[PDB]
């Protein structure tokens, strides 16, 4: 059993674990905390929907099944210590790296690699740093190739629903065959979603910058995507 900031990971046998989504939200290196009743359920459901879409499109993911409510059954992987960020529209930390305004449409997607390390506060890295960390160029290239394919699929699917995929974060691990498998979660916690018409945030930015009601925003995402009201 491993209890993280937003999810719990419970071993089953040797091949699989339980990913349980909690109601907890954190931001700014965990210096901002709150709980949102039903956030876990929403993030679980939405992950399932995204993983199923991606699987239909030939993306290898850790998704195996659901275990009732906020719990997914997933394949255990040897995790890469990376957060892989894909960006279509300028927002968040990109504003400190490029002198471009919020909402600027990028000429092509940006991929950023962040080294998962709490003591160093998850610094950005490049391919050379990754190699020193034991991640080969070949591996990095496959990882970015998948992230960019995931981007296209989610972007297209979401645009047909009036949602702009601004940016998002993925994580990856290796399976026993040494294949690169998409892992962790895909939710309004780990993506920026803007309404196409109004350009307002329907994601964790609502909590990060106090823009209104997180649950309302997450429900709206769930409703726009499924065409149904969240039953919980």
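Take the two forms, find the largest set of C-alpha atoms that superpose within 1.5 Å, and that set is the rigid core. Positions refer to the first chain, counted from 1.
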Q: Name the stretch, 24 to 32 or 56 to 64, whose C-alpha atoms sit farther from the shown form on average in 8 other deposited structures of this protein, taking the rigid core as the superposition reference.
A: 24 to 32
Q | Mean C-alpha B-factor comparison - 156 to 164 and 105 to 113, higher one | A | 156 to 164
Q) For the stretches 178 to 186 and 36 to 44, which has the higher mean C-alpha B-factor as given in the deposited record? A) 36 to 44
Q. Once the chain's modelled residues are ordered by C-alpha B factor and cut into thirds, is residue 76 in the lowest, middle or highest one?
A. middle
Q: Place residue 197 in the lowest, middle or highest third of its chain's C-alpha B-factors, as listed in the PDB entry.
A: highest
Q) Which third of the chain holds residue 171 when residues are ordered by C-alpha B factor: lowest, middle or highest? A) lowest
**Q.** Third of the chain, ranked by Cα B-factor, where residue 54 sits
**A.** middle
